[PDB]
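Chains R and F, in that order, give the protein sequences. For any residue, its number in the authors' numbering is found by taking its place in the first sequence, counting from 1, and adding 394. Reminder that position 152 of the second sequence reads as 152 in the authors' numbering, one-by-one numbering, no gaps. Note that beta-carbon positions come from the ideal geometry of N, C-alpha and C, so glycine has one too.
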Amino acid sequence: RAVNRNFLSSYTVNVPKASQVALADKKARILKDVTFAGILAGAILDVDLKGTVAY
Amino acid sequence: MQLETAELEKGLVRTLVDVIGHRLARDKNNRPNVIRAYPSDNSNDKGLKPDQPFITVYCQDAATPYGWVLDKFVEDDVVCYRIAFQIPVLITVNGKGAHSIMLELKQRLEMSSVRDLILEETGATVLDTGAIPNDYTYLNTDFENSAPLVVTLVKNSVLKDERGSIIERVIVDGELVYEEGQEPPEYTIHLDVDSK
């Protein structure tokens, strides 16, 4: 959804395996170690220009 | 019912007196001559050979070709077992016209009747009936005509196991764990169930 706004331009997600979670998390019914990443788009606000004139 | 060949032979002897008694000789008491093989009494007395024609009944052996145990059940608090048995029997006619008498005896054991009387007395079913040879044995002086026959029977025997016992109460314990070998269990369930 964020990528659709032209805010980001990519991302990645990582999640743990069920056979790897600790016992305390299972007793507390909470999932941890989920992470992700993204990249920004950018914009334009200023311009620099140079030219010449001759015969 | 328990299986005992001593009773099967007696039942067959009692049945044959009525089934084929009209063709046989008769003793001083007017009874047809049908006897068990190797007659003896009081551990050394030996019977005499009756007047011909007569019949001899001899049980060969007993086997269990049908598995080893048929049923195991509880009848009253005492445990019980049922076992299937097979018993080949040998019947011989001695005299003159032995074959002519064995043929008619064969033709009567196959009737719907007679097979009911056998089951009434011995409590066993006729399974098979083999062929009849026509034998001659010299003895002394003159030959003797004989005609053996084999009739197989089937019977179920039941015995009581006086050493057995029944379960009437069960005690059960259990545990629950998130992970294998969780030393303090999450929960413990204790149950007890009586027959009453």
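Could you check whether the Cβ of residue i sits closer than 7 Å to any heavy atom belonging to the ligand NAD?
i      : result
R:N408 : Annotation note on the ligand NAD: not contained in the displayed structure, which lists no ligands.
Checking 8 Å against the spacing of the C-beta atoms, do residue i and residue j come in under that value?
i                      : j      : result
residue 213 of chain F : F:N30  : In this structure chain F extends from 1 to 196, so residue 213 of chain F is not present and cannot be described.
F:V89                  : F:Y81  : no
R:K421                 : F:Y187 : no
F:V78                  : F:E162 : yes
R:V409                 : R:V428 : yes
F:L149                 : F:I83  : no
F:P50                  : F:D27  : yes
R:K411                 : R:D419 : no
Leaving out five residues before and five after residue i in sequence, what residues of the same chain have Cβ atoms less than 7 Å from its Cβ?
i      : result
R:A431 : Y405 and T406
F:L191 : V172
R:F401 : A435
F:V114 : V19 and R108
F:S100 : none
F:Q182 : none
F:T64  : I83, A84 and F85
Near residue i, what residues of its chain come up, given a Cβ to Cβ distance below 6 Å and the 5 sequence neighbours on each side ignored?
i      : result
F:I118 : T15
F:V151 : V89 and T129
R:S403 : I433 and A435
F:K155 : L3, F85 and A124
F:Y66  : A84
F:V193 : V170
F:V13  : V34 and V57
Taking buried to mean at least 16 other C-beta atoms within 10 Å of its own C-beta, is residue i buried or exposed?
i      : result
F:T122 : buried
F:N94  : buried
F:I167 : exposed
F:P39  : exposed
F:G11  : buried
F:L105 : buried
F:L176 : exposed
F:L48  : exposed
F:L24  : buried
What are the residues that DSSP puts in a beta bridge with residue i?
i                      : result
F:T129                 : F:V151
F:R31                  : Beta-bridge pairing links F:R31 to no other residue.
F:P88                  : F:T152
residue 351 of chain R : A question about residue 351 of chain R goes unanswered here, because the residues of chain R that appear run from 395 up to 449.
F:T188                 : F:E175
F:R26                  : F:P32
F:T56                  : F:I35 and F:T92
F:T137                 : F:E144
State the CB to CB distance for the pair residue i and residue j, rounded to an integer number of angstroms; the pair is presumed to be in contact (CB under 8 Å).
i      : j      : result
F:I87  : F:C59  : 6 Å
F:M102 : F:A147 : 4 Å
F:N145 : F:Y136 : 6 Å
F:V19  : F:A37  : F:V19 to F:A37, Cβ: 19 Å. No contact.
F:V170 : F:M1   : Rounded, the Cβ-Cβ distance is 34 Å, inconsistent with contact.
F:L153 : F:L127 : 6 Å
F:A62  : F:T5   : 7 Å
Hey, does residue i have any beta-carbon neighbour from chain C nearer than 8 Å?
i      : result
F:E162 : No chain C is part of this structure, whose protein chains are labelled R and F.
Apart from the five residues just before and just after residue i, which ones in its own chain have a Cβ nearer than 8 Å to its Cβ?
i      : result
F:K72  : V79, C80, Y81 and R82
F:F143 : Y136 and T137
F:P133 : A147 and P148
F:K46  : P39 and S40
F:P185 : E175, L176 and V177
F:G164 : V78 and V79
F:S195 : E168 and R169
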